[PDB]
Amino acid sequence: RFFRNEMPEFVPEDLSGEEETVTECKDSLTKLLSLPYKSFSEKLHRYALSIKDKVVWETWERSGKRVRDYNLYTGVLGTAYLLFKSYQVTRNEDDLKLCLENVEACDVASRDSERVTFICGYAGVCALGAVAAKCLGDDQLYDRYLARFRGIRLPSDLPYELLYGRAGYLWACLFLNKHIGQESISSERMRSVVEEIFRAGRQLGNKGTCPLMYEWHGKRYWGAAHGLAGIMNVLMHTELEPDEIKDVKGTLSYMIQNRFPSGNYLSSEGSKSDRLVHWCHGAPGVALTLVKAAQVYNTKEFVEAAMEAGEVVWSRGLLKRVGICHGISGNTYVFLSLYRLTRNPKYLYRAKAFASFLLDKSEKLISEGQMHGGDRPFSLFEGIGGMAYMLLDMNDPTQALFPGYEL
Ligand SMILES: [Zn+2]
């Protein structure tokens with residue numbers, strides 16, 4: 001379920017060339033939407049600082065700096081990452097320091113952990129640690145997180161998907177390497193994870209239909225978090241061979257040709273219900289993946305499919321939940337992604353409308369239960385942590401990357 005999107009479509013025409021139409025309804029929301037970007041982004045920035053502060057209060061100070069959760073998704077690493085994003089935007093070195101203090105606590109709390117991914121496990125802790133240390137200029141701290149990251153091993157048991165599986169660990173490696181700008185994690189190690197991914201996908205899949213196939217919890221999920229999209233997405237970020245490229249292209253075509261009559265995407269193989277429009281399941285996560293296919297492959301099929309997935313988000317993507325995983329902050333990135341790809345200000349405008357909706361309405365909507373605020377209300381993936389993160393990323397919308405998804 002979604003709020004009906006009755007927000008005004010983007011107007012390309014230069015008006016005013018007045019005169020401001022008198023009978024046109026002008027509330028606080030419409031005034032936000034009309035705002036020129038410079039002051040609109042400054043406004044969202046100030047709001048995001050208050051959210052950020054609130055999140056730091058609750059997850060760090062109130063709790064007396066004690067760490068139970070730890071991971072990016074719902075735990076304290078979500079807070080460190082938000083602090084990191086804030087540092088990236090503001091260059092406030094106190095944000096980076098606090099970041100590192102949160103990481104260190106997460107590290108302590110994550111020994112004994114068997115979680116291996118960026119978003120849900122220990123590779124997330126180590127890769128942020130190492131990147132934050134590099135920014136700070138602390139080489140010894142860097143080596144130390146780098147050694148912990150390099151000690152990670154993958155049970156033959158692991159799944160393939162993003163939250164718990166190999167695409168997830170491999171995502172962390174790509175993230176670490178891109179940011180340091182070095183082969184910090186070994187290219188042979190990353191290539192080996194890739195080959196295991198194609199091996200299993202090819203074994204369970206049929207060259208006739210979907211050339212690559214996976215299962216998590218015995219389910220054949222299509223989406224970003226546990227499905228085909230998230231895996232293909234990660235694979236596009238590495239050096240494929242020609243037949244690997246065909247197989248990734250193939251799996252993505254398969255999904256395009258086989259979506260709902262509404263243009264939304266199935267949660268999992270033969271599902272009979274068109275209901276979810278989330279990053280985790282549905283159009284939003286898949287759109288982000290097609291945008292990436294579009295950038296790498298430059299195919300009409302992918303470009304147009306990405307745009308079409310964007311229309312499903314535009315009409316149904318205004319979820320009654322605030323967050324990144326399955327909410328408005330997370331669906332905003334669909335428009336940001338389309339904007340990065342096309343440079344078409346209509347897509348910026350669409351991200352601007354979802355962000356304005358959240359700033360104008362979210363507090364009121366959450367506090368009277370018409371918007372769900374996340375089970376962990378201050379987490380990165382469920383709570384307002386992710387709204388602050390999205391808000392901060394609007395400051396420089398062409399540099400905005402869905403956290404733990406886009407590289
Ligand atoms: Zn979700």
Side-chain angles (χ1 to χ4, degrees), residues 1-3 55 69-75 77-79 81-82 115 117-121 124 159-165 167-168 171 214-234 255 260 264-269 271 273-291 309-310 312-313 316-337 354 358 362 365-366 371-390 393 401-406:
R1 202 92 231 109
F2 51 91
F3 304 109
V55 174
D69 204 336
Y70 113 73
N71 82 6
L72 189 79
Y73 188 85
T74 48
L77 201 73
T79 297
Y81 205 33
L82 169 62
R115 304 298 201 229
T117 69
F118 190 83
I119 294 161
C120 286
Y160 299 84
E161 48 62 280
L162 223 217
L163 264 51
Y164 301 113
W171 200 104
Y214 303 93
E215 282 180 14
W216 185 70
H217 274 194
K219 267 139 154 292
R220 283 159 139 100
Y221 287 115
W222 277 26
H226 298 294
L228 299 182
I231 304 172
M232 300 308 121
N233 183 248
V234 196
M255 291 185 90
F260 293 121
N264 194 202
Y265 286 77
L266 283 52
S267 63
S268 47
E269 274 285 79
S271 177
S273 182
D274 189 344
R275 49 191 230 105
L276 302 181
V277 182
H278 298 346
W279 174 67
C280 56
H281 307 287
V286 170
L288 255 32
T289 312
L290 292 173
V291 160
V312 176
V313 192
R316 295 160 67 188
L318 207 64
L319 267 15
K320 303 200 207 223
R321 311 173 174 190
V322 73
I324 286 289
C325 212
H326 31 268
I328 303 171
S329 310
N331 298 174
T332 299
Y333 277 98
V334 177
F335 312 124
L336 293 176
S337 205
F354 269 34
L358 281 171
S362 66
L365 265 12
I366 286 163
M371 181 178 287
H372 184 268
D375 292 336
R376 297 73 187 216
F378 312 95
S379 59
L380 219 229
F381 278 68
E382 285 179 348
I384 62 176
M387 188 179 166
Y389 189 104
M390 183 282 282
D393 235 350
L401 299 169
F402 186 110
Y405 203 71
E406 297 178 294

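For the numbers below, each heavy atom of this structure counts, side chains included, while hydrogens, waters and symmetry mates do not. For ligands, and for the atoms within them, numbers begin at 1 and follow the listed sequence. The first residue of the sequence shown is numbered 1, and numbering continues consecutively from there.
Among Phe118, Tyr164, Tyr160, the one residue that satisfies the ring-ring contact (aromatic ring centres under 6.0 Å, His included) test with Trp171 is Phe118. Test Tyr73, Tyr81, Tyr389 against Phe381 for ring-ring contact (aromatic ring centres under 6.0 Å, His included) and you get one pass: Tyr73.
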Verdict with supporting geometry, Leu288 and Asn233, side-chain contact (heavy atoms from CB on, under 4.5 Å): CA-CA 8 Å; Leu288 255 32; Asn233 183 248; 5.9 Å; no

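In this structure, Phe402 and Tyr405 have perpendicular ring planes: the angle between them is above 60°, well past the 30° mark. A tilted orientation is assigned to the rings of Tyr265 and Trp222, their planes being inclined by 30° to 60°.
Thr332 OG1 to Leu318 CG: the interatomic distance, rounded to the nearest 0.5 Å, is 8.5 Å.
If you count the protein N, O or S atoms nearer to the Zn ion (ligand 1) than 2.8 Å, you get 3.
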